[PDB]
Amino acid sequence: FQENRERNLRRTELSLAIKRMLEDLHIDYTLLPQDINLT
Amino acid sequence: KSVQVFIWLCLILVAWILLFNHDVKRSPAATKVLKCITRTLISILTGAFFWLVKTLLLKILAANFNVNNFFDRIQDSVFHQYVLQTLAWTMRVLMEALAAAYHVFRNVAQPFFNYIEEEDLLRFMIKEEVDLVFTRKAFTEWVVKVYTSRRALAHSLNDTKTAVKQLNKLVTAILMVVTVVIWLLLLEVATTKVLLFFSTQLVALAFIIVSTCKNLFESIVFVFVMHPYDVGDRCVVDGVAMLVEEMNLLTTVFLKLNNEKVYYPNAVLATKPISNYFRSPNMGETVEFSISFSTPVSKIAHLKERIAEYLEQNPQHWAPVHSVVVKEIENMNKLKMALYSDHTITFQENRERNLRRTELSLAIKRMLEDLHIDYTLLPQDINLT
Amino acid sequence: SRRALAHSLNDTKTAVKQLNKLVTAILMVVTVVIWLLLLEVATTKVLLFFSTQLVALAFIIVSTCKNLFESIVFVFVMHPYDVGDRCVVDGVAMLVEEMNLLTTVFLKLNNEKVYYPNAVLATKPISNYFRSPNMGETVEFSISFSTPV
């Protein structure tokens, strides 16, 4: 961890790679369904 | 002066003792008078030696601070003398040493001449000296900054001198009292029983002043030995920026961002971290922003390139070195990034730092606006009954 | 790395020189009082008064001498870090710049010069990045509970 800049750059690259990988796999997150009744 | 007085006193003492070494019983009463006189002479010799060691200690501490103190003072004095010409002995000179300055500088410079008048500098100093010393507005700002730095250095020197004077007064007081009791004991005016009672009373007094003497002495150690900050330097204590105004043996006047006068005991500071902005090198800065998780990597690359070009095209405020990082991903809805850059100055100039940070934030906002980057909340579905 | 090692060696030499100066001072004063006592220049009563004065001085410098000596112990015996090695104190990364008998210059991620007393560090954990082996990393992400295995 001495090379803070290099570690941060590598972590950013890993995060971007993970984001791309999730994008290709078609993985989505949805909130809890909510029901509404009118009066 | 101290050594001269010491040698004079020792020479007088030895001359008297050698002359009086004769064993003549002039009178039984005269023996007591001679004994008292020689006891007083040796007592004053001891007092002179104590004064000599006191001044030696004070001078060594003063010079330990004075290496840097007089370096800065000499630099400021040389700058001030050069400016005036264009328009120990060192300690005395340093002690002796705005709109008016700007007006004077403008008058010296040729009218309608933004650049520094080379002819004026040449007539006042050599070309090499003028170049080493070195826009009319920029020159005026530099002169004002130099004058402010010289004034701050003079104020710091005055505060250090006042603290040294207080310490000298305390040391002198203690040495007077110890030599007075030494003389009283050497004259055997009182008996032993009362002497022992007084010794016990002094022991009790010490046991009473335990806490105060300990706190004061550790305060001296913190002020001198540690020397974490000087006058006129902004420091962060307990995570809040604070500016040093005046330093004492037990009180340190501080000014916050809102000109809040705070008296911080020196003993407490000895157990807490202290950060100095003035001595620190060029400081960094962080800007926090978030953008949608679905943005293409091409937009991120374009943003990074534009940030690099903006930073490199303004070297006067930010250094070329920079870094764009991603902290963490939460709900994969927004990405957390921080922009790291190094300012051309320290954090002492709070107003300038804040203005530069505001300019950087506005620039980043504009850059995001041009790139067409938007953030949307998590989609929500609703079913009716 | 060579420049950092040279700077660390210079800092260690400066600390050793300060300790040598302190030790030399104390040994000069003790030998001076030894000589004065051996010459029996003064009487016993004043000698006892001076002994009591020295006892009072020690009782006054209790805290400072204790703190300084434990600082030496922490710097030398424990030896938790050297110059040029990044360390985490109280959960914040900090880079060592220079080490003294009572002051340790530190540089944070934003080049913040912080003077940390050595005595306080003796009662807090210290982490050294330079001496540690290859370090790990963690990345946090969340995905829908209904995704197939």
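Chains as they are written, first to last, in UniProt numbering: chain E, 693 to 731; chain Z, 248 to 334, 387 to 396, 432 to 468, 481 to 731; chain W, 495 to 643. Beta carbons: idealized from backbone N, C-alpha and C, even for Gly.
### Message
Per DSSP, what are the beta-bridge partners of Z:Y329 in this structure?
### Response
In the second sequence, counting from the first residue as 1, residue 329 of chain Z sits at position 82. Paired residue(s): none; Z:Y329 is not in a bridge.
### Message
Which residue wins for smallest C-alpha separation from Z:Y575, given the options Z:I289, Z:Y623 and Z:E634?
### Response
In the second sequence, counting from the first residue as 1, residue 575 of chain Z sits at position 229. Z:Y575 has its Cα closest to that of Z:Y623, out of Z:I289, Z:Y623 and Z:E634.
### Message
I want to verify the contact list: residues of chain E whose CB lies under 9 Å from the CB of residue 485 of chain W, in sequence order.
### Response
The structure shown does not extend to residue 485 of chain W, since chain W is modelled only from 495 to 643, so the question has no answer here.
### Query
What did DSSP end up calling W:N622 once you bin it into helix, strand or coil?
For the purposes of this step, residue 622 of chain W is taken as the residue at position 128 of the third sequence. The answer is strand: DSSP assigns W:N622 an E or B state.
### Query
If you drop the 5 nearest sequence neighbours on each side, which residues of the same chain put their C-beta closer than 6 Å to that of Z:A536?
Position 190 of the second sequence, counted from the start, is the residue given in the question as residue 536 of chain Z. If we look at Z:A536 and ignore the five residues flanking it on each side, it has no Cβ neighbours.
### Query
Whose CA, out of Z:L308, Z:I254 and Z:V527, lies closest to the CA of W:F544?
As a working note, residue 544 of chain W is residue 50 in the third sequence. The option with the nearest alpha carbon to W:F544 is Z:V527.
### Message
Do Z:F639 and Z:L681 count as a contact pair if the criterion is CB distance below 7 Å?
### Response
Here residue 681 of chain Z refers to the residue found at position 335 when the second sequence is read from its first residue. Here residue 639 of chain Z refers to the residue found at position 293 when the second sequence is read from its first residue. With a cutoff of 7 Å on beta-carbon distance, Z:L681 and Z:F639 are scored as near each other.
### Message
the ligand ADP and Z:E676: does any heavy atom of the ligand fall closer than 6 Å to the residue's C-beta?
### Response
The ligand ADP is not among the ligands present in this structure, which contains no ligands whatsoever.
### Ranges of the alpha helix (DSSP H) found wholly within the stretch 491-534 of chain Z, counting only runs of at least 4
Runs of the alpha helix (DSSP H) inside the stretch 491-534 of chain Z: none found.
### Message
For W:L541, which residues in the same chain have their Cβ closer than 8 Å to its Cβ, ignoring the five residues on either side in sequence?
### Response
Numbered from its first residue, the third sequence carries residue 541 of chain W at position 47. Contacts found: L531.
### Query
I think W:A616 touches W:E564, with their Cβ atoms under 8 Å apart; what is that distance to the nearest whole Å?
In the third sequence, residue 616 of chain W corresponds to position 122, counting from 1. In the third sequence, residue 564 of chain W corresponds to position 70, counting from 1. So it is a contact: roughly 6 Å between Cβ atoms.
### Task
Can you check the stretch 548-593 of chain Z for any beta strand (DSSP E) of at least 3 residues that lies completely inside it and give the ranges in chain order?
List check, beta strand (DSSP E) in window: 580-583 and 586-593.
### Query
Contact between the stretch 454-466 of chain Z and the stretch 516-526 of chain Z: three or more CB pairs below 8 Å?
Output reads no: the stretch 516-526 of chain Z does not touch the stretch 454-466 of chain Z.
### Message
Taking the straight line between their C-alpha atoms, what separation do you get for Z:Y656 and Z:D688?
### Response
Your numbering for residue 656 of chain Z matches position 310 in the second sequence. Your numbering for residue 688 of chain Z matches position 342 in the second sequence. Answer to the nearest angstrom: the Cα atoms are 14 Å apart.
#### Entry: Where the stretch 675-693 of chain Z meets chain W: residues whose CB sits under 8 Å from a CB there
From the stretch 675-693 of chain Z, only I675, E676, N677, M678 and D688 have a Cβ closer than 8 Å to chain W.
### Query
Does any residue of chain C bring its CB to less than 7 Å from the CB of E:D716?
Protein chains in the displayed structure are E, Z and W, and chain C is not among them.
### Euclidean distance between Cα positions of Z:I691 and Z:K650
In the second sequence, the residue the question calls residue 691 of chain Z occupies position 345. In the second sequence, the residue the question calls residue 650 of chain Z occupies position 304. Computed Cα separation, rounded: 24 Å.
#### Entry: Interface residues of the stretch 696-712 of chain E facing chain W [CB-CB below 9 Å]
Using a CB distance below 9 Å, the part of the stretch 696-712 of chain E facing chain W consists of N696, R699, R702, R703, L706, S707, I710 and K711, ordered along the chain.
### Query
How would you write the range of the alpha helix (DSSP H) that Z:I646 sits in, first residue to last?
Sequence index remark: in the second sequence, residue 646 of chain Z carries index 300 (1-based). Note, Z:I646: alpha helix (DSSP H), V643 to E658.
### Query
Could one say the Cβ of Z:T302 lies closer than 7 Å to chain E's Cβ atoms, at least one of them?
Residue 302 of chain Z sits at position 55 when you count from the first residue of the second sequence. Taking Cβ atoms only, chain E never reaches closer than 7 Å to Z:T302, which makes this a no.
### Message
If you reduce the DSSP assignment to three classes, tell me which class Z:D270 lands in.
### Response
Taking the first residue of the second sequence as position 1, residue 270 of chain Z is located at position 23. If DSSP states are grouped into helix, strand and coil, Z:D270 belongs with coil.
### Query
What whole-angstrom Cβ distance do Z:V252 and Z:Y329 have, given they're in contact under 8 Å?
As a working note, residue 252 of chain Z is residue 5 in the second sequence. As a working note, residue 329 of chain Z is residue 82 in the second sequence. With 8 Å as the limit, Z:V252 and Z:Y329 do not qualify as a contact, their Cβ atoms being about 41 Å apart.
### Message
Using 7 Å as the threshold, is the C-beta distance between W:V590 and W:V571 below it?
### Response
For the purposes of this step, residue 590 of chain W is identified with residue 96 of the third sequence, where counting begins at 1. For the purposes of this step, residue 571 of chain W is identified with residue 77 of the third sequence, where counting begins at 1. No, these two residues do not count as a Cβ contact at 7 Å.
### Query
Ends of the alpha helix (DSSP H) at Z:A613?
Residue mapping note: residue 613 of chain Z aligns to position 267 of the second sequence, counting from 1. In the DSSP annotation of this structure, the continuous segment of the alpha helix (DSSP H) that includes Z:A613 starts and ends at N612 to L615.
### Message
Cutting at 8 Å between CB atoms, please list the residues of its own chain near W:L513, excluding the five before and the five after it.
### Response
Along the third sequence, read from residue 1 onward, the residue named residue 513 of chain W stands at position 19. Sequence-distant Cβ neighbours of W:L513 in its own chain, meaning closer than 8 Å and more than five residues away, are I566 and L595.
### Reference Z:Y436, options Z:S249, Z:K483 and Z:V325, closest by Cα
Counting from 1 along the second sequence, the entry for residue 436 of chain Z is found at position 102. For the options Z:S249, Z:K483 and Z:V325, the alpha carbon positioned closest to that of Z:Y436 is the one of Z:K483.
### Query
By how many angstroms is the C-alpha of W:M588 removed from the C-alpha of Z:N700?
For the purposes of this step, residue 700 of chain Z is taken as the residue at position 354 of the second sequence. For the purposes of this step, residue 588 of chain W is taken as the residue at position 94 of the third sequence. Cα to Cα, the separation comes out at about 25 Å.
### Task
Compare the C-beta of W:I554 against all C-beta atoms of chain Z and say whether one is closer than 7 Å.
Position 60 of the third sequence, counting from 1, holds the residue named residue 554 of chain W. Interface residue (Cβ-Cβ distance to chain Z less than 7 Å): W:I554 is classified as such.
### Message
Does the CB of Z:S626 have a neighbour CB from chain W at under 7 Å?
### Response
Stepping through the second sequence from its first residue, residue 626 of chain Z is reached at position 280. Using a Cβ-Cβ cut-off of 7 Å, Z:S626 counts as an interface residue toward chain W, since at least one Cβ of chain W sits closer than that to its own.
### Below-7 Å beta-carbon distance, Z:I728 vs any chain E residue
For this step, residue 728 of chain Z is matched to residue 382 along the second sequence. With respect to chain E, the C-beta atom of Z:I728 has a partner C-beta closer than 7 Å.
### Query
So Z:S290 and Z:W529 are in contact, right, with Cβ under 8 Å, and what is the actual spacing, rounded?
By 1-based counting over the second sequence, the position of residue 290 of chain Z is 43. By 1-based counting over the second sequence, the position of residue 529 of chain Z is 183. The pair is a contact, with the Cβ atoms about 4 Å apart (cut-off 8 Å).
### Query
Less than 7 Å separating the beta-carbons of Z:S621 and W:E606?
One-based indexing of the second sequence puts residue 621 of chain Z at position 275. One-based indexing of the third sequence puts residue 606 of chain W at position 112. Yes, Cβ-Cβ distance for Z:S621 and W:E606 is below 7 Å.
### Query
From Z:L714, Z:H573, Z:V671 and Z:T632, pick the residue whose C-alpha is nearest to that of W:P611; which is it?
Residue 611 of chain W sits at position 117 when you count from the first residue of the third sequence. Nearest of Z:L714, Z:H573, Z:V671 and Z:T632 to W:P611, Cα basis: Z:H573.
### Query
Do residue 398 of chain Z and Z:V489 have their C-beta atoms closer together than 7 Å?
Between 396 and 432, chain Z has no modelled residues, and residue 398 of chain Z is one of the positions in that gap.
### Message
Taking the alpha helix (DSSP H) that Z:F439 belongs to, which residues open and close that run?
### Response
Position 105 of the second sequence, counting from 1, holds the residue named residue 439 of chain Z. Segment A433 to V442, the alpha helix (DSSP H) holding Z:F439.
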